[PDB]
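J.: This is the structure I want to talk about, given as C-alpha cells.
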Amino acid sequence: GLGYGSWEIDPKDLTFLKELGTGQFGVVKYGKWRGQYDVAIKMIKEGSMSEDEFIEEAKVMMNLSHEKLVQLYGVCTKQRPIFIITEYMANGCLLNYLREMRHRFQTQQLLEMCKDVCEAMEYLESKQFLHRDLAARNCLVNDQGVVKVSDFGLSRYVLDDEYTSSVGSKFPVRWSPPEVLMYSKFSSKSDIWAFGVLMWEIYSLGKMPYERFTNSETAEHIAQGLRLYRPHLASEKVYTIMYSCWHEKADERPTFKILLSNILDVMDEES
Ligand SMILES: C=CC(=O)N1CCC[C@@H](n2nc(-c3ccc(Oc4ccccc4)cc3)c3c(N)ncnc32)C1
C-alpha cells in the first residue's frame with residue numbers, strides 16, 4: 001500500500017508465533033503474514049549488515065523464483081532491526097537435520113537432497129547469481145523433507161571482517177577452492193567446489209569437512225592437491241560426482257547443469 005515499495009512488507013501484517021533461535025545474521029521467528037500465510041522473519045541486528053546495499057540487492061533477490069530456492073517475500077526496513085521475510089521451512093537447517101540419527105536415511109534420500117540443491121544452484125547459475133557461501137548450514141528443509149538453498153549472496157553484506165576475508169577466523173575455509181584461499185578468486189567454479197563439499201556433508205550425515213584439521217591445516221592440505229575422501233554411504237559413482245567438483249583447475253570443474261545430469265544418471269542407476 002501507500003508508503004511501501006514492491007520489495008517492502010508492512011511489519012503490521014505480521015503475527016509472531018514461535019522463536020526459532022539465532023541463525024546466521026540474527027534472531028529468527030516463525031509467524032503469519034496477513035493472518036494466514038506462513039513466514040519466517042529474520043531480524044538483522046544493528047551494526048551487523050551493510051543495510052542500504054542489502055536493501056538494493058533484496059529487490060533483485062525478490063525476482064529470483066525456483067521451487068528449490070528459499071523465497072524472499074520482502075523486507076521491513078522502516079524500523080530497526082530490519083526484517084527479512086521468507087518462506088517458512090519447518091524442519092530447519094539441513095546440517096542439524098543430517099545430524100539427527102533418528103531419520104535413518106536411505107542413500108536415495110541423501111541423493112535427492114543433493115539433487116534439490118543442484119537444481120537451485122543450476123537456477124542461480126542461469127541467472128549469473130553466485131551463492132558465495134554454499135554449505136549445509138545454509139540450506140533449509142521444509143515439512144515435506146525438500147531441501148532448499150538459503151542465505152544466497154548474503155555474505156556480501158556482512159560487516160564483521162572475521163567472516164569476510166580468507167584471513168578471517170570465521171571464513172568458510174573448508175568450503176573454498178584453492179584459488180579462493182590463495183588469491184580470493186570467486187566465480188561460478190567456487191560455488192561448484194562448495195557444492196561438492198556439501199555433497200560430502202550430506203553423505204557424511206553432517207560431519208565437519210576435514211574434521212580432524214584446523215582451518216589452517218585444511219588450507220595447506222587443499223593447496224598441496226589433497227582432498228576429502230569418500231564417505232562410507234557414497235557409492236563410487238556418487239563419490240566421482242562430488243570429487244569432480246574439486247579439480248585443482250577451476251575450468252575443469254563441471255557446471256551445475258552437468259552435475260544435475262550426473263545426479264539424475266546415478267538416481268536412475270541406483271533406483
Ligand atoms: C539450527 C536451528 C535451525 O534450524 N536454524 C537456526 C535458527 C533459524 C532457522 N531458520 N532460519 C531461517 C531463515 C530465514 C530467513 C532467511 O533469510 C534469507 C536471506 C536471504 C536469502 C534467503 C533467505 C534465512 C534463513 C528459517 C526459515 N526460513 N524457516 C525456518 N527456520 C529457519 C534455522
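Each chain in the C-alpha cells gets a letter, A, B, ..., in the order shown, and its residues are numbered from 1; ligands are numbered from 1 in order too.
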Write out as a compact mmCIF listing (two decimals) with N, CA, C and O atoms, in the first residue's frame each polymer residue whose atoms come within 8 Å of residue 196 in chain A, counting only C-alpha atoms; drop sequence neighbours fewer than 6 positions from it.
T.:
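This is the output file around-v8.txt:
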```txt
# COMPACT_ATOMS: atom_id res chain seq x y z
N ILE A 241 31.13 -37.92 -8.57
CA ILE A 241 30.47 -36.64 -8.79
C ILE A 241 31.01 -35.59 -7.84
O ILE A 241 31.37 -34.50 -8.27
N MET A 242 31.02 -35.85 -6.52
CA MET A 242 31.50 -34.81 -5.61
C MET A 242 32.96 -34.48 -5.87
O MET A 242 33.35 -33.33 -5.85
N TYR A 243 33.77 -35.50 -6.18
CA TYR A 243 35.21 -35.31 -6.39
C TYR A 243 35.47 -34.46 -7.64
O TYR A 243 36.42 -33.67 -7.68
N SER A 244 34.60 -34.58 -8.65
CA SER A 244 34.77 -33.78 -9.88
C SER A 244 34.67 -32.29 -9.57
O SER A 244 35.17 -31.47 -10.35
N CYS A 245 33.99 -31.91 -8.47
CA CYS A 245 33.86 -30.51 -8.08
C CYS A 245 35.15 -29.93 -7.56
O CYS A 245 35.22 -28.72 -7.36
N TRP A 246 36.15 -30.79 -7.28
CA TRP A 246 37.37 -30.36 -6.61
C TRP A 246 38.59 -30.35 -7.51
O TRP A 246 39.71 -30.34 -7.01
```
J.: How would you report the residues lying within 6 Å of ligand 1, as a list in words, if you count only C-alpha atoms and all ligand atoms?
T.: residues 20, 21, 22, 23, 28, 40, 41, 42, 70, 72, 84, 86, 87, 88, 89, 90, 92, 93, 96, 150, 151, 152 and 154 of chain A
J.: What does the structure give for the distance between CA of residue 258 in chain A and CA of residue 227 in chain A, in Å to one decimal?
T.: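 About the pair CA of residue 258 in chain A and CA of residue 227 in chain A: they are 21.2 Å apart.
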J.: So that I can see what lies close to residue 223 in chain A, please list as a PyMOL selection string the residues with an atom at most 9 Å from it, counting only C-alpha atoms and leaving out residues fewer than 5 positions away in the same chain.
T.: chain A and resi 177-179+181-182+218+248
J.: I'd like to know which of A:230, A:131, A:207, A:78 is closest to residue 100 in chain A, using only C-alpha atoms.
T.: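 Nearest candidate to residue 100 in chain A out of A:230, A:131, A:207, A:78: A:207.
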J.: List as a list in words the protein and nucleic acid residues near range 263-265 of chain A, meaning an atom at most 8 Å away when only C-alpha atoms are counted, but skip any in the same chain fewer than 6 places from it.
T.: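 Near range 263-265 of chain A, the qualifying residues are residues 111, 114, 115, 238 and 241 of chain A.
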J.: Which value, in Å to one decimal, gives the distance between CA of residue 83 in chain A and CA of residue 2 in chain A?
T.: 19.1 Å
J.: Would you pick out the contacts of residue 156 in chain A at 10 Å or less, using only C-alpha atoms, so that residues sharing its chain but fewer than 3 positions from it are not included, and give the list as a ChimeraX atom specification?
T.: /A:49-50,53-54,57,131-133,152-153,159,164
J.: To test your reading of the structure, identify every residue in range 36-219 of chain A that backbone DSSP assigns to alpha helix (DSSP H), and report it as JSON, numbers by chain.
T.: {"A": [51, 52, 53, 54, 55, 56, 57, 58, 59, 60, 61, 62, 94, 95, 96, 97, 98, 99, 107, 108, 109, 110, 111, 112, 113, 114, 115, 116, 117, 118, 119, 120, 121, 122, 123, 124, 125, 126, 161, 162, 163, 164, 178, 179, 180, 181, 182, 183, 188, 189, 190, 191, 192, 193, 194, 195, 196, 197, 198, 199, 200, 201, 202, 203, 215, 216, 217, 218, 219]}
J.: Kindly indicate which residue among A:254, A:1, A:74, A:172 lies nearest to residue 214 in chain A, using only C-alpha atoms for the distances.
T.: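 Closest candidate: A:172.
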J.: What separation in Å, quoted to one decimal, exists between CA of residue 123 in chain A and CA of residue 77 in chain A?
T.: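 Computed distance, CA of residue 123 in chain A to CA of residue 77 in chain A, equals 27.9 Å.
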J.: Tell me, which residues of range 71-129 of chain A carry DSSP strand (DSSP E or B), written as a CSV table (one decimal) with C-alpha atoms, in the first residue's frame?
T.:
```csv
chain,number,residue,atom,x,y,z
A,72,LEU,CA,12.3,-13.9,-0.2
A,73,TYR,CA,8.9,-12.3,0.2
A,74,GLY,CA,10.1,-8.9,1.1
A,75,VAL,CA,11.9,-6.8,3.8
A,76,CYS,CA,10.8,-4.4,6.5
A,82,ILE,CA,15.3,-4.6,9.8
A,83,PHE,CA,13.4,-7.8,8.9
A,84,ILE,CA,13.8,-10.3,6.1
A,85,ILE,CA,10.5,-12.2,5.4
A,86,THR,CA,10.9,-15.5,3.7
A,93,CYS,CA,18.8,-26.2,9.0
```
J.: For residue 33 in chain A, please output as a ChimeraX atom specification all residues within 10 Å (counting only C-alpha atoms; exclusion window: fewer than 6 positions along the same chain).
T.: /A:9-16,39-41,85
J.: Applying 9 Å and only C-alpha atoms, which residues near residue 94 in chain A remain after dropping the ones on its own chain fewer than 5 positions away? List them as a ChimeraX atom specification.
T.: /A:99,136-141,147-148,202,206
J.: Hey, which of A:167, A:31, A:180, A:194 ends up closest to residue 19 in chain A? Count only C-alpha atoms.
T.: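 The closest residue to residue 19 in chain A is A:31.
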